[PDB]
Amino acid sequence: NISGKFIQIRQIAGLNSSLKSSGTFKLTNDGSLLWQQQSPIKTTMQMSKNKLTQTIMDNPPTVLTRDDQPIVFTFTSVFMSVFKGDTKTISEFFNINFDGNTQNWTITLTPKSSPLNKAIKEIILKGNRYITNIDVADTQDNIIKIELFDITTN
């Protein structure tokens, strides 16, 4: 069971500023991800096996489907896979380039096939003992940059 903090910066090509958010995450080896945005507005994303639910503030949660938010499902899959050493699943959907060692590594992912290669240009992961950075670039010049820190395993 793994938990940490994140800072997210979303750069959308047409907006005149970047959107910054932050919070915490919790992974179990049971297959669950809790992604809790704490700033600037509270939101919760919870992934269990094949189910993703979203809660905005105190509103009722809603169930997200793969057809509606594909990058969200893809990011969750890659994120969980990296923490468990699951390059097999990543490879089913992505070309993988591993650069470096344990003191420092960078993994470049590019999607293998359509339709994922129409939506994602590349995903870059960097880390040492744990992932430190994830960057998701779409095919429309938008980028999401995530920094992970204060990771603990108890």
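Quick note: we count residues from 1 along the sequence shown, nothing fancier.
> Using only the Cα atoms and their B-factors as the entry lists them, report which of 47-55 and 87-95 averages higher.
Here the higher of the two C-alpha B-factor means belongs to 47-55.
> Quick one: say whether 96-104 or 31-39 has the higher mean Cα B-factor in the deposited entry.
96-104 has the higher mean C-alpha B-factor.
> Name the one of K126, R129, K112, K121 with the greatest CA B-factor according to the PDB entry.
That would be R129.
> Among all modelled residues of this chain, ranked by Cα B factor, put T139 in the bottom, middle or top third, i.e. lowest, middle or highest.
Highest third.
> Going by the CA temperature factor in the PDB record, which third of the chain does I7 belong to: lowest, middle or highest?
Bottom third by C-alpha B-factor.
> Determine, from the deposited record, the chain-internal third of the Cα B-factor for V78: lowest, middle or highest.
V78: CA B-factor falls in the middle third of its chain.
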